[PDB]
Each structure stands twice: as C-alpha cells, then as structure tokens.
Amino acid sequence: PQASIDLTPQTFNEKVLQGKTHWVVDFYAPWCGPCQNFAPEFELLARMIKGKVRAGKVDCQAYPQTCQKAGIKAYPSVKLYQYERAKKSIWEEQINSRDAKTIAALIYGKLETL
C-alpha cells in the first residue's frame, strides 16, 4: 500500500511549502528508467520515516514549472523540506542518494541539528 502521496502544484505548495511539518519529496518523470528503479526504494524510505517525516512525489513531466522552481534538473531528485518551528519556516536540501537507508540516516541527522 502506497506510503507516499502524489502531489500536485497546489498540494505541494499548500502541504509542503506552506506546511508545518517535514517532508521528503521525490521529483521524478514517468518515462524514466532511473525513476522507475528508485520508486520502490522511495516507498521503503517513506515507510522507514513515517511519523517523523511525510513523503510526497511530484511528476515533473506533468508539472514542469513546479520542478523548475524547485531547482530540479535531473530525475529522480529527492529533497528534504524541514520545518523549523521557532522561525516558522521550511528549509530545503537536496539529498544526493538513491538508497533508502542512506537517505533516512541523512534526514535524521539534519532533523537533530538546529
């Protein structure tokens, strides 16, 4: 059962960027061998970090301006959007890994640090 949610320009803006919670987002395209290989890894990642971090996916073929605005130039790309409560703001970082265990460790470290 799918642990990540499929985001649209509207829900990515509303739930992630204007949100009060942490997200990892997989920016992908459907015609993409690498994206296809990574999809079940991203689901594993979503299941690993559930309840600390939400997981979303953005189809960059369907929504090219959203992906362009997020600085995405190749697929797949994973970004962490973390909420800093005291500053009421979302901080983003691209995580250059295709491995769920690796990405989870990196996310958890980033969440520990101011």
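So that there is no doubt, residue numbering starts at 1 and follows the sequence shown.
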(request) Would you tell me which stretch averages the higher CA B-factor in the PDB entry, 41-49 or 27-35? (result) 27-35
(message) Which is higher on mean Cα B factor in this entry, 82-90 or 52-60?
(response) 82-90
(message) How does the C-alpha B factor of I107 compare with the rest of the chain: lowest, middle or highest third?
(response) lowest
(message) Please place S77 in the lowest, middle or highest third of its chain according to the CA B-factor in the PDB entry.
(response) lowest
